[PDB]
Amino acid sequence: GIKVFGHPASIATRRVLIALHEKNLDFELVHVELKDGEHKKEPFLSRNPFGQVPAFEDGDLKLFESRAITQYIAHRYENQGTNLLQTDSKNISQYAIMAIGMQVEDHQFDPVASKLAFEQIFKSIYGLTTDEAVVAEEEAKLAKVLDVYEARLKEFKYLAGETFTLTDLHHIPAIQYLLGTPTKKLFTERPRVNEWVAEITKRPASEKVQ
């Protein structure tokens, strides 16, 4: 009984939909009206007391926080679909590599790419103008992150190894949005990042969420 509680335009929720499709799982996307302030009132507060989407439910097991859910799915449904984990589970070196990688995207990438997608895709919805100063400022930090990935991808085929992992997946939602923004120049101006981005986004599980 898989029920994802969220908003289909949310980057955090899309992150959970892709992982679900990646494991050919069946679920029901229970929509939460963020505009009606639903998430900030019972009974959603019993699903996520911090009042945010997504919230998840695998039968009786309840979770929230998108990366905690992806990891749950990754293990709980390991012997099914694509392996979103390291190839050799006994390799501590591959474990440490993915740990850093999942810590990096969450602290260094996500915060920047979100502010950038907001200023350039959600503000424009309500006819607001993008703060050009902020945009350029956050773009400076993202190029820094991408220069590090450019290094990683010259050795590895993916961010945490020669295999597609949750590390790469966590970026997908944010990258899809930035792609339809002039910010896409940062991904294209780097050879490895460009190729890598065109790989992870042209995946059918990825194409099923846009």
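A residue's number is simply how far along the shown sequence it sits, counting from 1. We call the rigid core the largest set of C-alpha positions that still match within 1.5 Å between the two forms.
Participant: On a core superposition, give the stretch, 78-86 or 125-133, with the larger average C-alpha separation from this form in 5 other deposited structures of this protein (RMS over structures and residues).
Facilitator: Farther on average in 5 other deposited structures of this protein: 125-133.
Participant: Between 22-30 and 39-47, which one shows the bigger average Cα displacement from this form in 5 other deposited structures of this protein once the rigid core is aligned?
Facilitator: Greater root mean square C-alpha distance in 5 other deposited structures of this protein: 39-47.
Participant: Can you tell me whether 173-181 has a higher mean C-alpha B factor than 32-40 in this record, or the other way round?
Facilitator: So the stretch with the higher mean C-alpha B-factor is 32-40.
Participant: Mean CA B-factor: is it higher for 132-140 or for 70-78?
Facilitator: Taking the mean B-factor of the alpha carbons in each, 132-140 is higher.
Participant: Which is it among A113, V104, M98, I92: the one with the largest CA B-factor in the entry?
Facilitator: Comparing C-alpha B-factors across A113, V104, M98, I92, the top value belongs to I92.
Participant: Highest CA temperature factor in the entry: which of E65, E150, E162, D168?
Facilitator: The C-alpha B-factor peaks, among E65, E150, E162, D168, at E162.
Participant: Splitting the chain's C-alpha B-factors into thirds, which one does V209 fall into?
Facilitator: Ranked within chain, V209 CA B lands in the highest tercile.
Participant: In terms of the chain's CA B-factor thirds, is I11 lowest, middle or highest?
Facilitator: Answer is lowest: the recorded C-alpha B-factor places it there.
Participant: Going by what the PDB entry lists, where does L61 fall on CA B-factor within its chain: lowest, middle or highest third?
Facilitator: For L61, whose C-alpha B-factor we compare with every modelled residue in the chain, the answer is the highest third.
Participant: Could you tell me which third, lowest, middle or highest, the C-alpha B-factor of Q120 occupies within its chain?
Facilitator: Its C-alpha B-factor belongs to the highest third of this chain's values.
Participant: Determine, from the deposited record, the chain-internal third of the Cα B-factor for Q108: lowest, middle or highest.
Facilitator: Answer is lowest: the recorded C-alpha B-factor places it there.
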